[PDB]
Structures are given as C-alpha cells and as structure tokens.
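Right, one structure below, let's go through it.
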Amino acid sequence: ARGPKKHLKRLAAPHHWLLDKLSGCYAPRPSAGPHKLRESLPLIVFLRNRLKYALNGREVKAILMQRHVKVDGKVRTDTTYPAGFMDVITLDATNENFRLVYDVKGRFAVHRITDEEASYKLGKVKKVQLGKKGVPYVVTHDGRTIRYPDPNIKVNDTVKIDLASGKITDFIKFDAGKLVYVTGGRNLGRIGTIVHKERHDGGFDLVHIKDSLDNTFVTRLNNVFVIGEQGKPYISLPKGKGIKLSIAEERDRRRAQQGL
Amino acid sequence: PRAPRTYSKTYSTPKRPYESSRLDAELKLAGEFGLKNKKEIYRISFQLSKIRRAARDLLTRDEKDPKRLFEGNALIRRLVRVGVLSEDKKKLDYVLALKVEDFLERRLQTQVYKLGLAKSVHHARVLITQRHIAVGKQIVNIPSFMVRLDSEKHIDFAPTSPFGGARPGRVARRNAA
RNA sequence: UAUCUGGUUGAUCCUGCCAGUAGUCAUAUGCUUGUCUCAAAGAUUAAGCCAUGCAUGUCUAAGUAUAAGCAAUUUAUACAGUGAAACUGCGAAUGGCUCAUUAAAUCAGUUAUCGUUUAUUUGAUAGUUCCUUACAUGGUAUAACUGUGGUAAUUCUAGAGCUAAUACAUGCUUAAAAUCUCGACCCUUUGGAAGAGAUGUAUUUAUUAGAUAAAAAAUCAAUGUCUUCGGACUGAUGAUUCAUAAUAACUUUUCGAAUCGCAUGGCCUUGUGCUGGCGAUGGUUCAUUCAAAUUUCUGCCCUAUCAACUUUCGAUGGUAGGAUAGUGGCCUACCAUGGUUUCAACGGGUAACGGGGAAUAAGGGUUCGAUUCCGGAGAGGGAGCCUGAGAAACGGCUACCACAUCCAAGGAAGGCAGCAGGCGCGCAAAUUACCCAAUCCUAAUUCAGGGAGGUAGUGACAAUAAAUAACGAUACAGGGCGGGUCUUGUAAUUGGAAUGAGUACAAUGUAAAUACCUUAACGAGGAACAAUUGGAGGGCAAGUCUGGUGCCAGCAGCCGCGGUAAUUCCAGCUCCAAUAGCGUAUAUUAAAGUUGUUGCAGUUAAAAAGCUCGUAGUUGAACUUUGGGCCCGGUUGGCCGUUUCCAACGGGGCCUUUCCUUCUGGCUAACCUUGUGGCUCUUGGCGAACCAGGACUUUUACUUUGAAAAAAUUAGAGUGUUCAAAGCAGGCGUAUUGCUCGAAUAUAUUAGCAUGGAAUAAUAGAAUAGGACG
RNA sequence: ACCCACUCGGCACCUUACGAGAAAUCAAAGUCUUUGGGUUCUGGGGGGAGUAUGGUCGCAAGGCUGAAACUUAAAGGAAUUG
RNA sequence: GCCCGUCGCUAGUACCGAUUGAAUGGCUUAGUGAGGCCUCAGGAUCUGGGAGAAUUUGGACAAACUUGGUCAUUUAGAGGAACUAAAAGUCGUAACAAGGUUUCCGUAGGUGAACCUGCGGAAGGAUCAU
RNA sequence: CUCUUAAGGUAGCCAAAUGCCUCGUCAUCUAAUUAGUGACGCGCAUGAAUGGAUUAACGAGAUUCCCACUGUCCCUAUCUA
Ligand SMILES: [Mg+2]
Ligand SMILES: [Mg+2]
Ligand SMILES: [Mg+2]
Ligand SMILES: [Mg+2]
Ligand SMILES: [Mg+2]
Ligand SMILES: [Mg+2]
Ligand SMILES: [Mg+2]
Ligand SMILES: [Mg+2]
Ligand SMILES: [Mg+2]
Ligand SMILES: [Mg+2]
Ligand SMILES: [Mg+2]
Ligand SMILES: [Mg+2]
Ligand SMILES: [Mg+2]
Ligand SMILES: [Mg+2]
Ligand SMILES: [Mg+2]
Ligand SMILES: [Mg+2]
Ligand SMILES: [Mg+2]
Ligand SMILES: [Mg+2]
Ligand SMILES: [Mg+2]
Ligand SMILES: [Mg+2]
Ligand SMILES: [Mg+2]
Ligand SMILES: [Mg+2]
Ligand SMILES: [Mg+2]
Ligand SMILES: [Mg+2]
Ligand SMILES: [Mg+2]
Ligand SMILES: [Mg+2]
Ligand SMILES: [Mg+2]
Ligand SMILES: [Mg+2]
Ligand SMILES: [Mg+2]
Ligand SMILES: [Mg+2]
Ligand SMILES: [Mg+2]
Ligand SMILES: [Mg+2]
Ligand SMILES: [Mg+2]
Ligand SMILES: [Mg+2]
Ligand SMILES: [Mg+2]
Ligand SMILES: [Mg+2]
Ligand SMILES: [Mg+2]
Ligand SMILES: [Mg+2]
Ligand SMILES: [Mg+2]
Ligand SMILES: [Mg+2]
Ligand SMILES: [Mg+2]
Ligand SMILES: [Mg+2]
Ligand SMILES: [Mg+2]
Ligand SMILES: [Mg+2]
Ligand SMILES: [Mg+2]
Ligand SMILES: [Mg+2]
Ligand SMILES: [Mg+2]
Ligand SMILES: [Mg+2]
Ligand SMILES: [Mg+2]
Ligand SMILES: [Mg+2]
Ligand SMILES: [Mg+2]
Ligand SMILES: [Mg+2]
Ligand SMILES: [Mg+2]
Ligand SMILES: [Mg+2]
Ligand SMILES: [Mg+2]
Ligand SMILES: [Mg+2]
Ligand SMILES: [Mg+2]
Ligand SMILES: [Mg+2]
Ligand SMILES: [Mg+2]
Ligand SMILES: [Mg+2]
Ligand SMILES: [Mg+2]
Ligand SMILES: [Mg+2]
Ligand SMILES: [Mg+2]
Ligand SMILES: [Mg+2]
Ligand SMILES: [Mg+2]
Ligand SMILES: [Mg+2]
Ligand SMILES: [Mg+2]
Ligand SMILES: [Mg+2]
Ligand SMILES: [Mg+2]
Ligand SMILES: [Mg+2]
Ligand SMILES: [Mg+2]
Numbered sequence: 002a003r004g005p006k007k008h009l010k011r012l013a014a015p016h017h018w019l020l021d022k023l024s025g026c027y028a029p030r031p032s033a034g035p036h037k038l039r040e041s042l043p044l045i046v047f048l049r050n051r052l053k054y055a056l057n058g059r060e061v062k063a064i065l066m067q068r069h070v071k072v073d074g075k076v077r078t079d080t081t082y083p084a085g086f087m088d089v090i091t092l093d094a095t096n097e098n099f100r101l102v103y104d105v106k107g108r109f110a111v112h113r114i115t116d117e118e119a120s121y122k123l124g125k126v127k128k129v130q131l132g133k134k135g136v137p138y139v140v141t142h143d144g145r146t147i148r149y150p151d152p153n154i155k156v157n158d159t160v161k162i163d164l165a166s167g168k169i170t171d172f173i174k175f176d177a178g179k180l181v182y183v184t185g186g187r188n189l190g191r192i193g194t195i196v197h198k199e200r201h202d203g204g205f206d207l208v209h210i211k212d213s214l215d216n217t218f219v220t221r222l223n224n225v226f227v228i229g230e231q232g233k234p235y236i237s238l239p240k241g242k243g244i245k246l247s248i249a250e251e252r253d254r255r256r257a258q259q260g261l
Numbered sequence: 002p003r004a005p006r007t008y009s010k011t012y013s014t015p016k017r018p019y020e021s022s023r024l025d026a027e028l029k030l031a032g033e034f035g036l037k038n039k040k041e042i043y044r045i046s047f048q049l050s051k052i053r054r055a056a057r058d059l060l061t062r063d064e065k066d067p068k069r070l071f072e073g074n075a076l077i078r079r080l081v082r083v084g085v086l087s088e089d090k091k092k093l094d095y096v097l098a099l100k101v102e103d104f105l106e107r108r109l110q111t112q113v114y115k116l117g118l119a120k121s122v123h124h125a126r127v128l129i130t131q132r133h134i135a136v137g138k139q140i141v142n143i144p145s146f147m148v149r150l151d152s153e154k155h156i157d158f159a160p161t162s163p164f165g166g167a168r169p170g171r172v173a174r175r176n177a178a
C-alpha cells in the first residue's frame, strides 16, 4: 500500500503497553531502532503511563530535549524510541536506573536497579558469521554488532556488554541447565533454566523449561533467553521472579494482604 | 477511528405477553417494593437468569473442576457481599434457587423503608431522589442502589438534607415569610 | 435460556399451512417527548454530478543571507544579531474516504526467501585515490533580486543585468609490512640477485579455497620450510556454488568529507610552523529495525435450464535467453503435448470486498458483517508515466472517452469514494461553526503544520440510570375486637412540609466556550411543571355501558364484524398492556422436529423410478499379545491431628519366547551392585534417557496434551463509575514534599506444527519366492 | 402314487398383540423422544401447472428434464354421527 | 344436496408474438490509433569526443474511435392463448347414491360444452365367497 | 325456435396471385408508404387429390426492405474509336 505506515491506531497497539482505549484514536507508533516494533516500548509511554512522571505527551518531548534521559548510555531523545527488553534507562535527574524486564503477566515492568548494574548489558546472540575482511561479529536481540568475539560463542547465547564501550567479556551458553527467561508467547515472563531442546530440523526447535516451583512448560527456542545459572542470575529479576502464580494462588495472596 | 463505546441491555421481556397469572403477579411485586416500571421487574429477572445460566453451567463441571471453584467461590462471594444469598448457602447449589424477591428486598428504596424511616415504600422513593439520604458524605438518588449490607450500617440522612440536619429548606423558608 | 395459541368438521383425531407471539448493532415512517450519562449518523438508490472555503507543508548553535529587511549593539572592515524572498534538503506514498470491481482472487490461519528490494532508525566498517600535479582547499551557471516586457485571463512567464552552496561539476592525500610479477649484471650451479612495477573498496567475468564417514602407502608434472646433502618433510545451516577468502583481468570506474556549529588550547628549533576539544551533516559496505514484494498448506455464497474446459494470439512442461529488485511462461526463441474435471472442472449468478465479528439464547443450528480494528481495492472511466527509498500516486503529470467551467472566440483551467456544504437519487442519513488543549503524526524539527484528530451544534440510531409527586388531620362508611382508637381506607373544604424541570450571582468545567458535578437568589396545587401509545368478540389483558350508522360508511395480520337493540365500525364513558416511549411497514431469528447430522415425512394426507443391470459416490463379516507376576511413586478421602494403617482412582517401568531401528562413543539414572523401618557411600557390573555422527526407516485416519498464538468483541475476576450502561481504574498515610494493589483468567474449534496413546477404520508385506536372517 | 414327522426355500391365509398408527389397519406399516445396521429415491399448504421457457429423445403422437408472476385459508387424510 | 365445463361481464398477473424489436453492462475479432516510455537519427546552441531543445526511425505498452460478434441483466408490442379473482349469470348433467351407461388410469379418435366410444389395465367397486 | 336441403363448408387458411366494399381495421417499417410485412375475419365469392395446410432445398419467376455499390439523380462536364 504505497510504502511505509507511520501511524498507529489504538487497539493496534501492543496490549502489554496498557493504554486505555478512550484517550483519542492513536498509540505512539514506535520508531525504527534496536527492538522489533511489536516487541518493544517507546519512551513516551514509559515517562507518561507506567511511571507517570509526565502528564501529557507535549511534556514528554519537553523532558527529553534537556538530555535528561539515557538508554544503554546514550542521550536518545526520540519520543517514540523503541526501547526494549533488557535495555537500561538511566535518568540523569533522580539518578535513577531501570533495566527493561517483563512481568510474568508479560508486560514491561518498572524495575529500579543499582548504579553498578546500570552499566552492563546482555544479549541473546541472534547471528554469528564472518564478514568484511573475515573479522567475525556477533549480533544480538538488541541490534548491535560486536566485532571479534571468541570462537566459543555460538548462536542462542547471552553476552555481557560493557556499554561504556562495545566489547563483551562473559558469554553464558545455551546448554541443558542454564537460567533462561521466556521472552515470547505468553509463557512470557516465566523463568527457569532448562529441561532440554528438541531439534526438529526444518524449523522451530522446542525448549523445555522447569521453573523453580517444579512446574514444566514449553516455548519456542527463538523466545528462550538464557540468563545464567540455577538461582544465580546475571541481572536483577523483578518482584516475584516470574513463577506464574495461578489465578487462585494470585487472589489467595491478593487477600492475604488484607488488614490495614 | 473511534474506539467503540461498549453497551448492553439490562432487561429481558416475557415471551407470552399477556399471561395474566404472571401479570397480576408482576404488579404485586411492583406495588410492593415501590417500582415505576414493570421493567424494573423485568430488569431484575434478567441478571437472575444470567446468574442461573452462569451458575447452573458450573454444576455440570466435574465436581471442583479448576475454574468452577474460582468463579464459583467468586460468585457466591459477590451475592452475600450484597446480602441476597444468606451465609448458610455459600456452596452454590442453592444459588440456583434465588427467587426474585430476595433481590428486590436488598434495594436501597426498600431497606430505607425496612429500617423504618420511610413512612411508605414510596415516601422512600420520593426522598431518595430529593437531595436526601446518603451513606457516607456520598448522597445517593438511585432507588436501585443494591446496598451491600456492609454500608447498610450507615444509612442515616445526609448533612445537607433538611430532614437529617440542615438549613430549613426551600419552601419552609418563606412559609415563614 | 428445552412452552405455544387462533382458523378445515355437525362434532372428531390427523397432515398441513396461514395468522398469532418474542428478539434484532435493523432500516424506515407515524404519534408522543421532561432530566443524567452515552453518541451512531448520505452504506443500501447513483464508485451519480459538484458552487465556495478549507484538508501539506517544513529551519536547528550547526548547508546557502550584500533584503537597496527590522534591529542596533558591540571587539568584530570579509561573515556573525534577527530574518522576507529564494535555493538546498526532507515530507508530500502516512493520514482520511469509499466498497465499485473482485468467487481460488481477496482474505484467514499456517508457511517460504538457500527467491529479492529495503529511505529511515540503531549498531558496526575506510592510512591505499599520484606518477616511467593548487591542499594554506581548484570550476561556472543560476534562483531570489534589480530592471525592461507580453496576454481578456491561471501558482503563465519572456528578454536583459547580478550572486551563493552540504545545489551543479570537479579533483590532491598517509605509516609499516608482506606477497606477487617482471628482472641489469655473474655462472654455470643445489642455481640468486641488485631494484622495476604491481597489489584500497565497489563493478563484471572466469579460476580457486571454503576441509572433516575410521585409517594408510607408491608414483608422473610441477615445487614449498629445515639440510645432519643418505635425505626427510579452520565458521554457519537440516540443506548450497553459503558467509569469507585467493588468483587473471574487466569498468564512459561506486565509495574513499573541497561541509557546518560551539568553543579555542597547547607546544619550540617562534615558522602565519606544527598540533589539538566537544557534535553536526554526510559517506560506501555489513547488520538492525520500519517495511515491501512474491510464496507453502487448508478453507469461499447460489447454480447442471453450465459437462467438459485450457493452446486465436501460452494452454502444461523442457532448454536457452531477455526482462525484473529478484523466483516463475513474466516475456521470447526452439522443442515437446501437456494441464483441470462428477472428489463438479469450465461457465453463469451475486441487490459479493474478506476477516475480527453481529443477531437469534436447550443444544445442533439459522441469518447478517457497506460500516470505528486488521488486510485488500479505488479515487469519473481506462491506459501511460515523471519524481522517488517507496506510487502505475490521481487533493502528481500525459493521452483518449465521458462530464464539465471561464473567455475579449485568440485561448485557459476543473476531478470531494478528505472536512463541511450543495444538486440528484430515493423509505432512507446532521454544521458551509471552534482548536492543535488532548491523542498521535510529519518537517530542517521542544517552537511550524495537521477538517488526522478533538470541541460544540444538529441528533427518540442504538445503550444506562429513572420526575410527573410525598405525609398528614377530618368527615360521613366498611371492616377490627355501638362506632372506639387499631386503619382498610372511600373522602370533591383542608394542611404545613420536600423538590428539580426550569431560571441564575458564582466558582468549577473549557484552547475559548457549552453542558454536566457543586451552589446563593428564584423556582408546584389542579389554570397544573396537565404522558404517551395502542387496545378492550376470539388468539389476547380490558365492558354483550351510552349515543351514532344501518352489508352504508368503516373495522378486521388471521377466525371474522356492520343489512336498525353493533361485545368488533364513528364516539362519550369506563377498563386493560407497555410506558418516555409506543404503533406501522419490510427483512430476519426463535418458535420450526415445516430443511429434520442431532431430528421429519413418503400404504391411503405431499412423496418409492414400471423393471433389472450398473460406473461414480456411500457402505462393507470375522480372526494377529491376550493373560498372569514383581516394583515404583503419584491423587482424592478416611481414622487420627504428614511418617506410617485401611479402602478406591489414576501414571510409568519391569519379567513372562515379547524392537524399543540401528549401531560407532559420549552420559550412564538407575542395580543383580559392595533391622532391609533408614541413606549417605568407590574399585568389577542396567541401557536406550538423548545427545551427534553414521547407516535405514510401509503408508494413514482418530484421540490426548502443548506450543504458535492482536487488540476491541464475548465469557469472566478485581474495583462501590453517587447507581447503572461503562471506565481501568484505584486504594491507603505522616494528606510537609509517599505508601501501595492493579490492569486477571478464559477463547481458535477447520488447516499447519509439536507431543502422549495403539482400541476403532483403512494401506502395504513371503506363493513361479525375484522372500527372510549370515 | 398315498399316509405320517421334521427341515430348507416359495405363493398365501388364520388367531393374536407384546408392539405400531391420525385412524382404517400392519408380523411389519414392529424392534423411534429409551430418537443411529447399510444404502438409493422422492415429498415440504392449496391452486397456478406438469403450464411457460430452454435443453434433449421421437417420423409423429408425444417422452424426459421442468419454473415463475399471481392467486388463496384452506385443499387434503382416516374415522364418527346424521 | 353437492357439483363440472364451454359461453358472457369486470379486473389483475404472467406467458406466446411481426417488429432480423429496443436498452444497459462485461468481455472480444478485424480496422484505424492518442500518449508516455525504450530506441535509430536529428543538431536550435554550448561547450569539453560531451551535453542538448525542436524534429524523427523502429519498438513494446496501450487508451480510444468505427463496424461487428458474444455473454449477462432488462424490456416496448397489434394480436393470440392461459389462469385468477370467482361464489354467481347462460347452456346443459360429467362426478358424488349401481349419480341413474359404476368410477378412475394409459392410449386413440370424435363431440357446443361438460363429455362420448374403442383396446389394455386398477378397485380407490357396486363382488374379500361355490 | 323456425323455414328449408342431396348435404347445408368440417380440419385448415386469408383483404392471400382468391375481398366487392377497399387506399378494409389494428400494428409494424418511414419525415411522410393506394407498397411491404404481422395481425384481425358474417370470408361480395377461402377450403380440402376442383386437393387443404405446412415445407428444407432449388428459381434468368412476381414483390418488399437493408448493406455494399454506383453519373439513376441533384447537374452536368471531359476523353477515345
Ligand atoms: Mg513516531
Ligand atoms: Mg372457518
Ligand atoms: Mg364450523
Ligand atoms: Mg348438522
Ligand atoms: Mg408468522
Ligand atoms: Mg453512495
Ligand atoms: Mg458511512
Ligand atoms: Mg463521484
Ligand atoms: Mg545580516
Ligand atoms: Mg492510506
Ligand atoms: Mg497479494
Ligand atoms: Mg554551464
Ligand atoms: Mg566448516
Ligand atoms: Mg559467493
Ligand atoms: Mg594558536
Ligand atoms: Mg439460466
Ligand atoms: Mg522455460
Ligand atoms: Mg494438444
Ligand atoms: Mg454440483
Ligand atoms: Mg459488489
Ligand atoms: Mg453458536
Ligand atoms: Mg429456519
Ligand atoms: Mg466489513
Ligand atoms: Mg459478506
Ligand atoms: Mg454496497
Ligand atoms: Mg491514477
Ligand atoms: Mg479530492
Ligand atoms: Mg491521496
Ligand atoms: Mg484578443
Ligand atoms: Mg461530503
Ligand atoms: Mg434516520
Ligand atoms: Mg473535522
Ligand atoms: Mg471532525
Ligand atoms: Mg410532563
Ligand atoms: Mg402542582
Ligand atoms: Mg386512549
Ligand atoms: Mg380477556
Ligand atoms: Mg368503542
Ligand atoms: Mg414491544
Ligand atoms: Mg451427530
Ligand atoms: Mg412433515
Ligand atoms: Mg387421492
Ligand atoms: Mg415401486
Ligand atoms: Mg436412471
Ligand atoms: Mg470390520
Ligand atoms: Mg491449549
Ligand atoms: Mg415354511
Ligand atoms: Mg389395538
Ligand atoms: Mg394399540
Ligand atoms: Mg427435431
Ligand atoms: Mg433495425
Ligand atoms: Mg528497445
Ligand atoms: Mg398461468
Ligand atoms: Mg350425473
Ligand atoms: Mg340428477
Ligand atoms: Mg355414470
Ligand atoms: Mg362410485
Ligand atoms: Mg380447424
Ligand atoms: Mg394482393
Ligand atoms: Mg386515409
Ligand atoms: Mg400498406
Ligand atoms: Mg418503397
Ligand atoms: Mg397481409
Ligand atoms: Mg377473407
Ligand atoms: Mg359486402
Ligand atoms: Mg364458398
Ligand atoms: Mg376451388
Ligand atoms: Mg399435399
Ligand atoms: Mg414438411
Ligand atoms: Mg428468385
Ligand atoms: Mg405479394
């Protein structure tokens, strides 16, 4: 239909952004950038909806134009910037830092983190191959290319990112028994750390996961994001650490906090 | 472009339209609880048939099926929280049996009468409307509140209502002038 | 939320339709209309035609300012502030509108690129540009402008005179190093050398590398490091010609910064020397992201009064090319004769865009979807094309057709299925208003722009809440147990209370208003602030009251009423139903088990071909591991208040002659292992638990579970929107500078994927053995 | 050839009714609201009308296929009484 | 009692039908062919072999016009021939009772009209019977 | 009903090359049609091997209309023998 769509109606918007229907007609169409459109979150909703710092959209532009906000290090003044899972948002005022991490309800949660933690990053490597001059590179879920990794990094593995500079130092591997993070379907949010991987040559390798409540589940490999060792992660998980409380579990504890 | 504003209907309608058995019967309920429309009756039959063929459907599931209890025990909580199902009856075979009048006796226009304080069942409906009685500071002019038996405790009049401690009121003030 | 009722007869039971009945996010029209919230709306007919106005423009410290521009300040005699015009750049391909075409098309779910394009965003990537020379930086040729002009007339432009660049057009540069090619001499051997050039990336071609199923030797042609001169001597994929690299060349030779802003500092051997900070625009190639384009599997409504269709003039395939961004009969040349079809091809129809979905509530179904979201198609009808990353664009151009405007008759211009508004069409649908405040969007970009969008008006489309009254005293009267004192209350004087409909200071509300919420002042007794709409023989609730009419007028969805006492018409009265609504027409769903899979009927009511054969289709007897034994630990519930004790209900693994493919190692978790309630514990010994490599696998249907899975819708949890329809909020303190729960769950079901089961129902297997193991 | 008994497959009749049906009647017209053995065909109120139209067969007469507009509240079946 | 058909009135519907009848859309032969694009030329000028306007060759794409054909959806018509409203009027008596010749089916011919007659059937007969 | 006959024209068909009236009436084709065609039929005086009706094919047959075509014509002019 004659080139690029540049609008986003409401109710085309990703559900996990949690926008009320009647506030107009449109969501903010996220821009092009590091994260897939449907798998991301733009700055204007973060600063307006989930975190309620700004009241209207006009204000969010006023905020960013003072170079207040940084993501993964950089000033990043795009009102609709596609900030995505595992990005870090330092905030210059308030000295706040947030890593971008799902709930087990599968939405993007607010999760404050240490100044120390605010300066590394991971990424599911999505591809590895030689390139120009034969210098190998990795590229990962977030949209960056790291030249000269170790030959031991194959694909589907996480990588520590310095993000004051480029390079990696550690690289957790994808094998039986490493901490994982489901980043799709809506086992989205659940956690933990292997059962095994069905090959299925032709497509769509299946990843079996056992949460640390002895509850199984399966999701596709494209959506499993290894994050380290049993009970030993490499970032700060959010509250309740994604173990898929039932509807009755969740409302039994909902009424557990009962007395004021 | 707009997002679609949801709506729904709140009243069903008797299929046989002239069943005089059910038609006198309907009015006895109407002129008892102080209703204006026979569709205030048709209304409160509607939810009932919803609760029933919500509830009736749950007792088909294998006994204590996962969701049958979640919304089972969610349901009977909702109805005692308004006080139509009595506290004996919270295991949901008896919610099939909420004869309609139970729902009407738990109105606001009704209890404002059964607490005394309404000379008639209609002195009730007339004062609820007219800036009169409340629960908190929260005035209520809806004779169909369905007061929830918790906030039934505080149903004294409002502070601005010149029947429960106020200024004289509009036509008294120059009957005296 | 599983219901019937009126009408065939003298009466009867049937079959059966008609009528009744209820709903409709279902249109219209009629009568009536007070409040809150909510808020659809020129789809249907004519994708018919359109006056006018508006709907796309855009500048940062940071490409271009000698405005004969405003402003003057201020280090600024090149520039500097501010900035019209104009260039340059970017956008104008999103949005919004409509449903015309479209029926294997679109669309949906599921796939594919090892089958391509990809502005942008984001991350990476550039010591090479010369030659047997401006780098302290190279060229005009133009807008704006000035000025002279034309024409009735337009976003018409001509002639002449200037001047810019991140426009146009050009054109230098940098270390080392190594490897290749030539090779003047010397000197004959085992042969080596001075130094001569070549070697950036991109394009085009050919050649090569890109290993790897377990191990080894001999030789011909070359010919590499070390002489102890016999001699010895490494990526990814399931999958590629992949990523990447090497060699010989090729190119009207792509890129390799002549750009801009804010600062200005080091460092002597004081050269206009050499250096150097932050960030902006660009720039090839790769990656990312927003995409696009094709594409796999399966699924469309009625039709046989459509049975054969497809190659004229591609129909189906092969080869080669051409064209494409790329695959492909996409196109061409040559060759072949294929391709679809009763399992409905092909054709026709469609008052046909597809879907998410809507209506109808026992279920199974039936019907609808122009229409807020996704996809597609179009801009009066066609076709063509420029620009560009992206268009076969139409608020772009070009041509034809149709329509059609202005004129000075020479010519020029128009495309509302954008907003509003107009004509027409009709049963059928609103203002030529306000704003960028919100929601988002675009630009050079915090600022500008946005009839996207939001505000009001119009607005009984639908949807929610629910005023038109409420308490008395009395008086004859009933009845409670003479009226007494308990009200049933029927009262034709009364009675003090209450209130918003309205009105309106005010604040609130709002971009500015408006309403609503809140609230002074006003604001109710019958003259009112006065509820309607239908109906009163039956179905069907409510009178054989009164007056009128006299088979007339009229009623009557249906059965039937009226021809002079009309239970039916026209009225008065009284009465019923629903009630801010109610009637009528049309469609549709329920009732309808009158479309019947569930679930009909066919002797005589409608309906078994006159008869048998018989292809398609549908269907199709029985019999192949049953039975027994050991074990493990699961989930309810019991007696106890989970160890063990009892029942019962399921899961797995064993051994019973018992593929579980199969090996070659890697793995072993498990034991036969080395007082048996109990478990740590290495030194012989479980397999299949699955890695990954090899080898090789009869085909299905069904059922389980699971993944993949848009929102809104629906079902539904939480939450007291004053209630409710809704909404996705909200709830707590220290209400002095915060605390905190949320935003569930369910749902896809046909097809595809994955997985467990082996009953049921198929297919296949050894009979001329051309069998099976070795 | 005839008699008797049984058994297969025939043409029928008889008595019953468990059962069925609106009934007359039916060993099927039964084993149906306790609705499923397999399969074929036709019917969906009455007229209009087996008419019109096309196709096709025939020498013809005609055969097969086979509508609609409109009209209408009945038409029909079996049994009862007259 | 019921009841059939021709015949006659009024009204409505649809059919057949000279007009080689009309109309609206979808394709499409043949013929003519705009335009832009690609291309052979061209060379007003304007310059360092290049540019480049008018013009032009040949192409593919292809609107469109003329005359046809085809499909689909409509549709005017003298007249003819049905049906209905429809119950009645005219003429008769066909059926219903052995309906006064029992009725009906197929076929054939004839008759104002219902109908009659021949050949073969059925009982739904007026006979479940020697 | 009536007079009357040997019998009283049936099936068919038509203003037909058969119709007086007559240039019949209606439709159709045309600007206009004593033409043509299709209908109508108390048909002066249609009609059954005096053969009736229908017919593909055939026609130097009579008739009407269309396309093409043309000096037939508007309206004539020129050339050759
Ligand atoms: Mg955006
Ligand atoms: Mg009757
Ligand atoms: Mg009767
Ligand atoms: Mg009688
Ligand atoms: Mg009906
Ligand atoms: Mg329209
Ligand atoms: Mg519309
Ligand atoms: Mg139009
Ligand atoms: Mg200046
Ligand atoms: Mg668009
Ligand atoms: Mg497509
Ligand atoms: Mg020049
Ligand atoms: Mg390899
Ligand atoms: Mg390659
Ligand atoms: Mg200096
Ligand atoms: Mg047809
Ligand atoms: Mg080919
Ligand atoms: Mg062939
Ligand atoms: Mg078919
Ligand atoms: Mg259509
Ligand atoms: Mg359903
Ligand atoms: Mg139906
Ligand atoms: Mg739609
Ligand atoms: Mg549809
Ligand atoms: Mg339409
Ligand atoms: Mg166009
Ligand atoms: Mg427009
Ligand atoms: Mg447009
Ligand atoms: Mg002039
Ligand atoms: Mg308009
Ligand atoms: Mg309307
Ligand atoms: Mg607007
Ligand atoms: Mg608007
Ligand atoms: Mg009123
Ligand atoms: Mg009053
Ligand atoms: Mg009335
Ligand atoms: Mg009644
Ligand atoms: Mg009356
Ligand atoms: Mg109603
Ligand atoms: Mg079934
Ligand atoms: Mg039936
Ligand atoms: Mg019969
Ligand atoms: Mg038979
Ligand atoms: Mg047959
Ligand atoms: Mg079997
Ligand atoms: Mg599931
Ligand atoms: Mg026998
Ligand atoms: Mg019996
Ligand atoms: Mg019986
Ligand atoms: Mg024939
Ligand atoms: Mg003609
Ligand atoms: Mg060419
Ligand atoms: Mg007819
Ligand atoms: Mg008779
Ligand atoms: Mg008689
Ligand atoms: Mg007789
Ligand atoms: Mg008889
Ligand atoms: Mg005749
Ligand atoms: Mg003649
Ligand atoms: Mg005349
Ligand atoms: Mg004539
Ligand atoms: Mg003539
Ligand atoms: Mg004639
Ligand atoms: Mg004649
Ligand atoms: Mg005469
Ligand atoms: Mg004669
Ligand atoms: Mg003769
Ligand atoms: Mg003859
Ligand atoms: Mg013949
Ligand atoms: Mg002739
Ligand atoms: Mg003639």
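Note that the protein sequences, when read in sequence, are chains F and K.
Quick note: the first sequence uses the entry's author numbering, first residue 2, plus one each step.
Quick note: the second sequence uses the entry's author numbering, first residue 2, plus one each step.
Even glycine gets a Cβ: it sits at the ideal position worked out from N, Cα and C.
- By the criterion of a C-beta distance shorter than 6 Å, K/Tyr114 is surrounded in its chain by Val122 and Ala125, once the five residues flanking it on both sides are discounted.
- Listed along the chain, the chain F residues whose CB falls inside 9 Å of the CB of K/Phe104 amount to none; the nearest CB is some 26 Å away.
- Residue contact check for F/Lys22 against chain K: a CB pair falls below 7 Å.
- With respect to the 7 Å criterion, F/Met87 and F/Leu101 are classified as neighbours on the basis of their beta carbons.
- Apart from the 5 residues on each side of it in sequence, K/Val81 sits with its Cβ closer than 7 Å to the Cβ of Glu88 and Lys91 in its chain, given in chain order.
- For K/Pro169, the CB contacts under 7 Å within the same chain, skipping 5 residues up- and downstream, are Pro163 in chain order.
- When C-alpha distances from F/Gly178 are compared across F/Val227, F/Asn153 and F/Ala165, the shortest belongs to F/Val227.
- Within the model, the alpha-carbon separation for F/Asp104 versus F/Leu261 is close to 26 Å.
- Chain-ordered, the chain F residues with CB closer than 8 Å to the CB of K/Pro2 read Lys10 and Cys26.
- Non-local C-beta neighbours of F/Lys128 in its own chain, meaning closer than 8 Å and more than five positions away in sequence, comprise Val139, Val140 and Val156, ordered along the chain.
- Per DSSP, K/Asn176 is one residue of the alpha helix (DSSP H) stretching across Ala173 to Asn176.
- With a cutoff of 7 Å on beta-carbon distance, F/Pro31 and F/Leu38 are scored as near each other.
- Assignment of F/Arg148 by DSSP, reduced to helix, strand and coil, places it in the strand class.
- Bridge partners of F/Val76 according to DSSP: none are assigned.
- Residues of the stretch 244-257 of chain F with a Cβ closer than 9 Å to any Cβ of chain K, in chain order: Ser247, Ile248, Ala249 and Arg252.
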